[PDB]
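Engineer: Which chain is which? The protein sequence lines are A, D, E and F, in order. Using the UniProt record's numbering, you'd call the opening residue of the first sequence number 1 and step up by one each time. Using the UniProt record's numbering, you'd call the opening residue of the second sequence number 9 and step up by one each time. So the third sequence is residues 569 to 587, 594 to 740, counted in the UniProt record's numbering. Using the UniProt record's numbering, you'd call the opening residue of the fourth sequence number 1 and step up by one each time. Ideal Cβ placement from N, Cα and C applies to all residues, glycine included.
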Amino acid sequence: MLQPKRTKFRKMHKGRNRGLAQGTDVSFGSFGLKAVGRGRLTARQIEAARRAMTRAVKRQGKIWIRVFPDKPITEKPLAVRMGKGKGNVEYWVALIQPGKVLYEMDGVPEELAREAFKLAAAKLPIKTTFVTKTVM
Amino acid sequence: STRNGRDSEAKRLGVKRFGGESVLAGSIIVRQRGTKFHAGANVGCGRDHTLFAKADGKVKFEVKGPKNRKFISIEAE
Amino acid sequence: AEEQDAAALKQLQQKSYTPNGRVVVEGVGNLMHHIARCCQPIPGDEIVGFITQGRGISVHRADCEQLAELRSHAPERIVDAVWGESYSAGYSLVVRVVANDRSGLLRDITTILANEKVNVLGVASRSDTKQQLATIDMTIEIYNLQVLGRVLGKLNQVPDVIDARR
Amino acid sequence: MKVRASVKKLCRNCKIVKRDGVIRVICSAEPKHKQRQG
RNA sequence: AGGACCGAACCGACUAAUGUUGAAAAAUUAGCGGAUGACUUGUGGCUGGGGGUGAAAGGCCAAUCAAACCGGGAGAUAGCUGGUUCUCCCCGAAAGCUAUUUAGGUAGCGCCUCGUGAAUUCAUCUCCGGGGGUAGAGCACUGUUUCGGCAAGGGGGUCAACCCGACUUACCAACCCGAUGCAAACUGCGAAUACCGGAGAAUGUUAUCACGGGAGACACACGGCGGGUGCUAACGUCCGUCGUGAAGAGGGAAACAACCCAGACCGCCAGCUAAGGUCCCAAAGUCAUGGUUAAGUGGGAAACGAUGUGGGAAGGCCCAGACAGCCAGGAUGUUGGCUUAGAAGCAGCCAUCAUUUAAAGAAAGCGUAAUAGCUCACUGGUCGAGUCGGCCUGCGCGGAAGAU
RNA sequence: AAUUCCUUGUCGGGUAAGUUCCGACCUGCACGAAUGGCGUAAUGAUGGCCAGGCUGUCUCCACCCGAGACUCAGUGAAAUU
RNA sequence: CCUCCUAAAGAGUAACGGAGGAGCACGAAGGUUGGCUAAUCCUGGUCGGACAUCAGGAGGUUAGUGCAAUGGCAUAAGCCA
RNA sequence: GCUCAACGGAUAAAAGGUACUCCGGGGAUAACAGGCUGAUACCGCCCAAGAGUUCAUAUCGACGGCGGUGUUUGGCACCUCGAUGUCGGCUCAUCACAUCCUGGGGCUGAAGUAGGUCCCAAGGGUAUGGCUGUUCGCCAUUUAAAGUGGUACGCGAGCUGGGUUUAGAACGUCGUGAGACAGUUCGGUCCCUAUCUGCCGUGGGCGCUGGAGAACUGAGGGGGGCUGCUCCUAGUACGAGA
RNA sequence: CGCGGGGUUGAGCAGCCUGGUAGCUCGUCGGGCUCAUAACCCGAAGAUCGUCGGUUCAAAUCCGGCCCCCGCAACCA
RNA sequence: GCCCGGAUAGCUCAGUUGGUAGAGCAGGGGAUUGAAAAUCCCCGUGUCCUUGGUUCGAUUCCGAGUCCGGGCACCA
RNA sequence: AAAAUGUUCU
Ligand SMILES: [Mg+2]
Ligand SMILES: [Mg+2]
Ligand SMILES: [Mg+2]
Ligand SMILES: [Mg+2]
Ligand SMILES: [Mg+2]
Ligand SMILES: [Mg+2]
Ligand SMILES: [Mg+2]
Ligand SMILES: [Mg+2]
Ligand SMILES: [Mg+2]
Ligand SMILES: [Mg+2]
Ligand SMILES: [Mg+2]
Ligand SMILES: [Mg+2]
Ligand SMILES: [Mg+2]
Ligand SMILES: [Mg+2]
Ligand SMILES: [Mg+2]
Ligand SMILES: [Mg+2]
Ligand SMILES: [Mg+2]
Ligand SMILES: [Mg+2]
Ligand SMILES: [Mg+2]
Ligand SMILES: [Mg+2]
Ligand SMILES: [Mg+2]
Ligand SMILES: [Mg+2]
Ligand SMILES: [Mg+2]
Ligand SMILES: [Mg+2]
Ligand SMILES: [Mg+2]
Ligand SMILES: [Mg+2]
Ligand SMILES: [Mg+2]
Ligand SMILES: [Mg+2]
Ligand SMILES: [Mg+2]
Ligand SMILES: [Mg+2]
Ligand SMILES: [Mg+2]
Ligand SMILES: [Mg+2]
Ligand SMILES: [Mg+2]
Ligand SMILES: [Mg+2]
Ligand SMILES: [Mg+2]
Ligand SMILES: [Mg+2]
Ligand SMILES: [Mg+2]
Ligand SMILES: [Mg+2]
Ligand SMILES: [Mg+2]
Ligand SMILES: [Mg+2]
Ligand SMILES: [Mg+2]
Ligand SMILES: [Mg+2]
Ligand SMILES: [Mg+2]
Ligand SMILES: [Mg+2]
Ligand SMILES: [Mg+2]
Ligand SMILES: [Mg+2]
Ligand SMILES: [Mg+2]
Ligand SMILES: [Mg+2]
Ligand SMILES: [Mg+2]
Ligand SMILES: [Mg+2]
Ligand SMILES: [Mg+2]
Ligand SMILES: [Mg+2]
Ligand SMILES: [Mg+2]
Ligand SMILES: [Mg+2]
Ligand SMILES: [Mg+2]
Ligand SMILES: [Mg+2]
Ligand SMILES: [Mg+2]
Ligand SMILES: [Mg+2]
Ligand SMILES: [Mg+2]
Ligand SMILES: [Mg+2]
Ligand SMILES: [Mg+2]
Ligand SMILES: [Mg+2]
Ligand SMILES: [Mg+2]
Ligand SMILES: [Mg+2]
Ligand SMILES: [Mg+2]
Ligand SMILES: [Mg+2]
Ligand SMILES: [Mg+2]
Ligand SMILES: [Mg+2]
Ligand SMILES: [Mg+2]
Ligand SMILES: [Mg+2]
Ligand SMILES: [Zn+2]
Ligand SMILES: [Zn+2]
């Protein structure tokens, strides 16, 4: 699973997920899976997506994972009341705005790539659309 | 059981008198931790870097020098 | 879990196992020699022996990189040859097997390696962090090229194995 | 009859059809493949 | 003989039922235990309240017991609960901060009020003077982050193994370079707003400040926007700022403190409007013009699903005949080789050409032990008008199961 | 175990079937020797379990006899609001 | 009690929100006067090594601040006399 | 000269118990149940890596995703502390459908029999015992089946009171001790004559237009709706046989 | 997952106890004694101090986190 | 009568619609003793129930007979 | 003062 190897701080504020992405273009690869839907991709979800897409391609051509789950999402255990400090970090998430290219892909036919990204998309909780390496 | 319940009393730092504010000599123009504002003309830098008026007049903020630092002067009026 | 256990067992077995006509260098047999690990010739497409200072000759397999380098450096220590009478045992195949790591692939691979008439001298094993790619090098001993080929084919047949080569 | 949220043409002989406002895969070649939205 | 046995009186009180405003403030009926004993019972006596007595349960001590009752201290004290009685007029809060053996109390300040005084004092907006370091942005810094580059430094192996060190290698790989993100506790940037000061205009009952009298209040609530916490759960919770309720009626939101509209001095069987509405319940459009849905969608919901249906610019094939049906072929070298046990388009691996060609992949799917066989792509007719499939959005459909 | 959480421990008995009972094991969470240990005939309105007998306890209620309840006449409450 | 953030760019601002510190130290570690400029890195060089000390270059405050953090600090508030 | 550190410092000087308790308060604050929520729970669906000889989708279903239900464990503390009685059983039930049986159907890795799964379907039906306070569970033997939930985990002004949950006592354990324990053990008062609603019955009054006696119609309402086995079809279809 | 304590040579214990010094007993290994093994005698080796970060001049030592252990309290309705 | 299952080193068992068979014990053989146990080494040491079939190749799949273990039917 | 034992069958 994707997770920061080291951090300044264990627990992070919830914050908000308003705005659009900066990682909007298909920078590295030829094809891209662009999050239309706003939300947060957990590390696990991302991993699953990767598995789906890599599998789909059959390790032919390279794949990028643009988003990284850098934000620790905490939870309280069951039968625990509201005080007693902020809970422990159960998992890590990447806050995805509309526009965020999530995965890029090259070294494949277009159709194949699309297929891969369909599978990948299924894994993910957010609406995602296919995109290409545009000139400029 | 937490171990983060602590915080200090807020010290009321910042600018007490702003640009074009007429001050008497003695009036604290700024309280601060560093020389985030330096002493300009007719302004003293106190021991805790508290900028205060050394004369009666209008407060005057100004970036100066090679390092581009905020100097607070007082224009004697 | 069962698969894992099986794999472990296989490994243990391998460990337990681990626990001169061969190469006639240039029309004169019974010369102190050994197969080089850079690339290990069996019935290979010709061989070449580097006459070392100590430990006699090191057989390299013809069209090797190290051998080429040696030749470039100094050609007079090198001697072209035949692969003798085919040594009764004719040992030394290292088989690199790249595979996609699921819960019970390595074990399967191990199992497939066993049963076939192959003397498993060693098994180097690791899971690469670049993906979840299990990669394994089996130091094995076998009597022919055909046999080796067959083994390779068998390995391939287990569908989780991506590619299997030396 | 499969009855899914997602009905899909599972082969070329599978045919989507709307009956009583219900999406249905019906297939001549394979009766397993026949589906319904529900 | 007996703290012996059985069993009436006598003493007791294990069970059950009844009764529970009873016949009874502990009984009755049916049974049940003891019944010559540490038994029982009459009469009189003594033991006194932190005292008695107690085969000990805090049991009993007059229906009262972890300290009897009666009287006095005494109107104990009660930061708690309740309650606090005629009328009209003006103003009108707070549920904050700080402290508190304090957290439901109280005290000072904030806000309310009454009073006196005081300046162009304050507020609105407009131009000027400012400071920001938030939103946003960014990645030189702090960290973190993916990729590509060249690569010290390790690892493997080949020369050699005492080494020097040389070679290299689908092993890992710091620094540096280029591209990529992310950050409440990062900032080589940086707003809006807010805040402070000035000048100016109109306005506003001095609305501002000071001192003095009297307070109340210091449980807040929901709504909005900015957050923390929680699960970007809660009519949750804790903050910031405004609103409303609190302390605010009226109209709307079916009903609904806090949403929307709107501030009720009184009266009127006048009119205009706000939110919201205008077929009937029910006051007002069965208004006008052009569209859309067909699901009762409206009038509850997601991923995902689908020739549902509308609108848009643009693209490929198209009377050199398309698309769909219909009629035929879909061959030769050839069983390409190889690899396999076999592989003859079709376990798979690798080349993937040419030929006769109208066209026919060293073959897309089915099919065989493999051949064979059956469809397909592609081709010519047949036929006579559009058809194909994106991506754009509009509305809709399913997904969609709960209890009187 | 009046003690044992894990626990309805496991084994055996008893039953068609037993978290109880009895017996035995010992892994005594956390028994133990006069805040006594372990035995113990007799005793017990004592606790637990089993068996025979007996039965309307029950299957599953039925009828019957009386006292209330219902109607009349007389008297005449109550908590509550 | 102090530092940051939370805190919505003046101040302030809660939570059993998220992070760390203090309960001192120093007669020099204060005053002043004069001077000096860091971490790190490369190449080289007695034992001397990845790491002591010395040459120079790159570096340009990455360091230092008696201790936490923040803000400061080259005119240095850093380091010498 | 105060770790007056509970740091605005109550005294120089202070710890526990109470189930023997008591008083004053609070739904300002818990346990019960309701409410909001739905992390968890349960039930669905989306993707389909694989498993399933072959073959993702008969049946399964990883990595993941999206919902519903209110249904477990919880969260919150809005309702109630001038009382809203708690578990279980009993007695009566009533609704929901996410159907266990019964009816209809599709697919099937459906020969038949038997199943599996999915769709529809709530009319009716839907266990006696042993053990335990239990619900639950396990076991025994049935059954066409022994549904799953809601109803104040339905129902104590209907019963019970075995459990929890007062006062007695004891064991174990912790406590110096009073005592204490979602540890155990034995013992341990369950009140209410029904005003209103409701319900089941059952009358009186008036009406329905002159009255009276009958007989009807039927708007509407209720009840009822379960199923086994055996035999025939036929040892026929099916099946190599069984 | 709330409070403490611990993890060190093969075993058990010290050290930590306020960072810089790895000790004690048993075991092990090599000798010796004996006829031979014991016991006894002599000599020796042995430890990245659970692991991972961190603070540091430097950690076993101080601090955090994670892994395993041992107490422990997990209640009142 | 019919069916189903099982038949593998000495002996316990492992491996199945098809790739030349193992784990334990036992045994061997060495060092070593007189031979052992101990200690130290090294080692399959098999008619997969026989006979046929299928196949490019059978422990396994189909027969065909045996043997054992069932589970079913049968009333002279 | 302290001094344990000797694998089996021959
Ligand atoms: Mg129909
Ligand atoms: Mg007697
Ligand atoms: Mg008496
Ligand atoms: Mg008595
Ligand atoms: Mg009783
Ligand atoms: Mg009597
Ligand atoms: Mg009596
Ligand atoms: Mg008697
Ligand atoms: Mg007397
Ligand atoms: Mg007295
Ligand atoms: Mg007295
Ligand atoms: Mg008592
Ligand atoms: Mg007293
Ligand atoms: Mg007095
Ligand atoms: Mg009084
Ligand atoms: Mg007013
Ligand atoms: Mg306070
Ligand atoms: Mg006043
Ligand atoms: Mg006034
Ligand atoms: Mg931002
Ligand atoms: Mg208060
Ligand atoms: Mg308050
Ligand atoms: Mg509050
Ligand atoms: Mg508030
Ligand atoms: Mg607000
Ligand atoms: Mg609230
Ligand atoms: Mg207000
Ligand atoms: Mg109102
Ligand atoms: Mg209203
Ligand atoms: Mg409404
Ligand atoms: Mg209204
Ligand atoms: Mg209007
Ligand atoms: Mg009207
Ligand atoms: Mg009209
Ligand atoms: Mg819909
Ligand atoms: Mg005990
Ligand atoms: Mg027990
Ligand atoms: Mg019985
Ligand atoms: Mg038993
Ligand atoms: Mg019983
Ligand atoms: Mg017993
Ligand atoms: Mg005892
Ligand atoms: Mg004693
Ligand atoms: Mg004693
Ligand atoms: Mg006794
Ligand atoms: Mg007695
Ligand atoms: Mg009467
Ligand atoms: Mg501020
Ligand atoms: Mg602000
Ligand atoms: Mg150097
Ligand atoms: Mg009371
Ligand atoms: Mg209230
Ligand atoms: Mg509750
Ligand atoms: Mg509920
Ligand atoms: Mg609840
Ligand atoms: Mg409340
Ligand atoms: Mg509240
Ligand atoms: Mg009250
Ligand atoms: Mg009341
Ligand atoms: Mg249904
Ligand atoms: Mg019904
Ligand atoms: Mg009917
Ligand atoms: Mg039962
Ligand atoms: Mg109930
Ligand atoms: Mg009850
Ligand atoms: Mg009731
Ligand atoms: Mg009881
Ligand atoms: Mg007691
Ligand atoms: Mg009763
Ligand atoms: Mg009817
Ligand atoms: Zn080589
Ligand atoms: Zn089909």
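Listed from N- to C-terminal order along the chain, which residues in the region 62-95 of chain A have their beta-carbon within a distance smaller than 8 Å of any beta-carbon of chain D?
Structural biologist: Correct list: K84, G85.
Engineer: Quick check: is the beta carbon of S9/D nearer than 8 Å to any beta carbon in chain A?
Structural biologist: Yes, its Cβ sits closer than 8 Å to a Cβ of chain A.
Engineer: For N693/E, name the three-state secondary structure that DSSP assigns.
Structural biologist: Three-state result, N693/E: strand.
Engineer: Please give me, in chain order, every unbroken run of the beta strand (DSSP E) with length at least 3 that falls completely inside the region 22-77 of chain A.
Structural biologist: DSSP runs (the beta strand (DSSP E)) wholly in the region 22-77 of chain A: 31-35, 39-42, 63-65, 71-75.
Engineer: Would you kindly report the start and end of the unbroken beta strand (DSSP E) that includes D654/E?
Structural biologist: That run of the beta strand (DSSP E) goes 652-655.
Engineer: Determine the DSSP secondary structure at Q37/F, reduced to helix, strand or coil.
Structural biologist: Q37/F falls in the strand class under three-state DSSP.
Engineer: If you draw a straight line from the C-alpha of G32/A to the C-alpha of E620/E, how long is it?
Structural biologist: For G32/A and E620/E, the distance between alpha carbons rounds to 49 Å.
Engineer: Would the beta-carbon of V22/F fall within 8 Å of that of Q35/F?
Structural biologist: Their beta carbons are not under 8 Å apart, which means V22/F does not touch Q35/F by this criterion.
Engineer: Kindly indicate the opening and closing residues of the beta strand (DSSP E) around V22/F.
Structural biologist: Run containing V22/F: none; DSSP gives neither H nor E here.
Engineer: Interface residues of chain A around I736/E at Cβ under 8 Å?
Structural biologist: Within chain A, the residues near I736/E are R59.
Engineer: Taking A663/E as the reference, which of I716/E, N604/E, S584/E has the closest Cα?
Structural biologist: Closest option to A663/E, Cα to Cα, is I716/E.
Engineer: At least one CB of chain A closer than 8 Å to the CB of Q705/E: is that the case?
Structural biologist: Yes - at least one Cβ of chain A is within 8 Å of the one on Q705/E.
Engineer: What would DSSP say about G22/D, mapped onto helix, strand or coil?
Structural biologist: Of the three classes helix, strand and coil, the one that applies to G22/D here is strand, per DSSP.
Engineer: To test your reading of the DSSP string, which unbroken alpha helix (DSSP H) runs of 4 or more residues are found completely within the region 632-681 of chain E?
Structural biologist: Whole alpha helix (DSSP H) segments, 4+ residues: 639-647.
Engineer: Tell me which same chain residues have a C-beta within less than 7 Å of the C-beta of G595/E, skipping the five on either side of it?
Structural biologist: Counting only Cβ-Cβ distances below 7 Å, and skipping sequence neighbours, we find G603, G658, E659, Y661.
Engineer: What residue does the alpha helix (DSSP H) around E110/A start on, and which one ends it?
Structural biologist: 110-123 is the span of the alpha helix (DSSP H), which, as asked, contains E110/A.
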